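Structure, as structure tokens:
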Protein chains: 2
Amino acid sequence: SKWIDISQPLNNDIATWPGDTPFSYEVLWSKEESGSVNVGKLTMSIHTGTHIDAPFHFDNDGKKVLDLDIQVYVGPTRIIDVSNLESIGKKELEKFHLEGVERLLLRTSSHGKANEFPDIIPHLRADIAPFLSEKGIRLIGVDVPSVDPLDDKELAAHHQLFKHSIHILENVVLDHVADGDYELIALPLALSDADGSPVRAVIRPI
Amino acid sequence: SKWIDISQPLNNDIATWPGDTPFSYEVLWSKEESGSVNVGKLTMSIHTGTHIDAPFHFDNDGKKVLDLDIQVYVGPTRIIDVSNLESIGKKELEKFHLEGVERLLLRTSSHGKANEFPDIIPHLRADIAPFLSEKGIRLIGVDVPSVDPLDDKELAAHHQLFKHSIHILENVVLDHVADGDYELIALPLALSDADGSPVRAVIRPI
Ligand SMILES: [Mg+2]
Ligand SMILES: [Mg+2]
Ligand SMILES: [Zn+2]
Ligand SMILES: [Zn+2]
Ligand SMILES: [Zn+2]
Ligand SMILES: [Zn+2]
């Protein structure tokens, strides 16, 4: 079975958090100019497109990207539909059979426009974290830019998730994939000091 | 079996090519400033650390990163030792068992210092490409910054490899891994317009 891309295309039209570094890929020096190669430059916010958060993003004493365990970001994953819900917590996830699940992707289908930043999204409620952690879930992914409300300064979901050893993947693209079981790859770059990393998230049906 | 990291750590001390953008990770907004999060800004040449080249790097009409087939960058890989050789071509690879191999990583052990740019490296000779392609090899990886000599402006190996449908992975770290068969992951970011991408390359022993 083929790997399926669930990442947002990265280009100058992609949205960012309000005021954050705009995405920029540019050819600084062309093959015609250099006589051999197109020399590029990439400038971006960490939290652009499909990406993972490190605890340092919301906790000054939290792990940086390179400290994160790579095993978390590769392996069996379950994908479920949680569309048409203002927020997702224990109550909403109790209806799913999640025994033995290690990684969980949530399709909210709430936004899905990579080149616009949403005004509101469905967030995850804090009680989701003990619930998921008890099941053995080590990674949660969402198809929106955040696990907390866009205007929230407390970031209760970010904090509680990492308190329970649950890692965070944001802006996956899931409208073209069915619910069910897959193998996931969503590896951070080896960034020694960073608060997160863009990733190429892909999945393969089991 | 656990995944093993074969990527170079990315930080402000990493080496770059002569003439390339220096690597920069900075915290744009501190948690003190934003009131909630540390937000990072990443500026880099795509040919920094462990990365893949897109044909657009050396051919104006070549594919950009997002156009590359993701299947090439995930799957069975063989790792072999080609240390203490000034250059590697058909002659040097004939002695290896490579039947059915799809992806090949070459340990030159020539450099291995991510924070220094080498003065000389072992390059791949152009006759490597028809040889590897005939065996079905779709990806070649090296533990140095280039498949061509550092001062070479023609980039014969880059061109010939692509001419034979062989993709290119550079700056893997292989000094801590044994020869043999593994599963490789080395996925480019979903960069619409780029000449290459940093990757998180990891391997798992069969
Ligand atoms: Mg020229
Ligand atoms: Mg603390
Ligand atoms: Zn984020
Ligand atoms: Zn986040
Ligand atoms: Zn390169
Ligand atoms: Zn190259």
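Tabulated results
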| item | result |
| --- | --- |
| Karplus-derived HN-Hα couplings along the range A:56-64 (A = 6.51, B = -1.76, C = 1.60, θ = phi - 60°), whole Hz, x at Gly and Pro | 4, 4, 10, 9, 4, 9, x, 3, 8 |
| Average other protein chain Cβ within 10 Å of Cβ, residues B:19-27 | 4 |
| Ellipsoid semi-axes in whole angstrom, largest first, where each is sqrt(5λ) of the Cα gyration tensor of the range A:46-112 | 25, 17, 13 |
| Sequence-distant residues sharing a close amide H with B:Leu150 (under 5 Å, placed H) | B:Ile121 |
| Backbone N under 17 Å from the B:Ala126 label point (7 Å along Cα→Cβ), restricted to the range B:88-120 | B:88-91 |
| Normalised per residue, the volume of the convex hull around the Cα set of the protein assembly as shown (Å³) | 131 Å³ |
| Relative packing of A:29-42, A:53-66, which averages over residues the other C-beta atoms within 10 Å, highest first | A:53-66, A:29-42 |
| Rounded to whole Å, sorted largest first: equivalent-ellipsoid semi-axes of the range A:1-40, Cα gyration tensor | 27, 20, 5 |
| Chain A: mean projected area of Cα convex hull, nm² | 12.7 nm² |
| Ranking of A:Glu99, A:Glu183, A:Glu26 by count of other Cβ atoms within 10 Å, fewest first | A:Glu99, A:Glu26, A:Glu183 |
| Sum of side-chain charges, A:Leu28 neighbourhood, beta-carbon under 14 Å (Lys, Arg +1; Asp, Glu -1) | -4 |
| For the range A:66-81, 3J(HN,Hα) per residue [Karplus equation, 6.51 cos²θ - 1.76 cosθ + 1.60, θ = phi - 60°, Hz, x = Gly/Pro] | 5, 6, 6, 6, 4, 4, 4, 9, 9, x, x, 9, 10, 10, 10, 9 |
| Distant-in-sequence amide H partners of B:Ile88 (H built 1.01 Å from N, under 5 Å) | B:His123, B:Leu124, B:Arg125 |
| Cα centroid separation - the range B:121-176 against the range A:21-44, whole Å | 22 Å |
| Distance (nanometres) between label positions extended 7 Å along Cα→Cβ at A:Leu28 and A:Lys91 | 5.3 nm |
| Under-5 Å amide H pairs with A:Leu187, H placed in peptide plane, nonlocal only | A:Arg200 |
| Chain A, relative contact order [Cα under 8 Å, separation at least 6], % | 31 percent |
| Residue-averaged beta-carbon neighbours from other chains (10 angstrom radius) around B:175-188 | 2 |
| Computed over the range B:1-113, Kirkwood Rh from alpha-carbon pairs, angstrom | 18.0 Å |
| Cβ-Cβ FRET estimate between A:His164 and B:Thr16, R0 fixed at 56 Å, reported to 0.05 | 0.90 |
| Where N is the number of residues in the range A:134-206, Cα Rg divided by 2.2 N^0.38 Å | 1.20 |
| Those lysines that a straight Cα-Cα span of less than 25 Å connects to B:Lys153, excepting residues fewer than 8 apart in one chain | A:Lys31, A:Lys41, B:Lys63, B:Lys64, B:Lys90, B:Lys91, B:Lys113, B:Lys163 |
| Local electrostatic count, A:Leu189, Cβ distance below 12 Å [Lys/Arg +1, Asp/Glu -1] | +1 |
| Geometric extent, Cα atoms of the range A:39-85 - Rg, Dmax (angstrom) | 15.0, 46 |
| Karplus-derived HN-Hα couplings along the range A:101-117 (A = 6.51, B = -1.76, C = 1.60, θ = phi - 60°), whole Hz, x at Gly and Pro | 6, 9, 9, 9, 9, 10, 8, 8, 6, 7, 10, x, 10, 4, 9, 10, 8 |
| Dipole magnitude (debye, nearest 20) for the range A:50-127, charges at Cβ of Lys, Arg, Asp, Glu | 200 debye |
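Bear in mind these aren't lab numbers, they're just calculated from the coordinates by the rules spelled out. All Cβ positions, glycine included, derive from the backbone under ideal geometry; neighbour counts span all protein chains shown.
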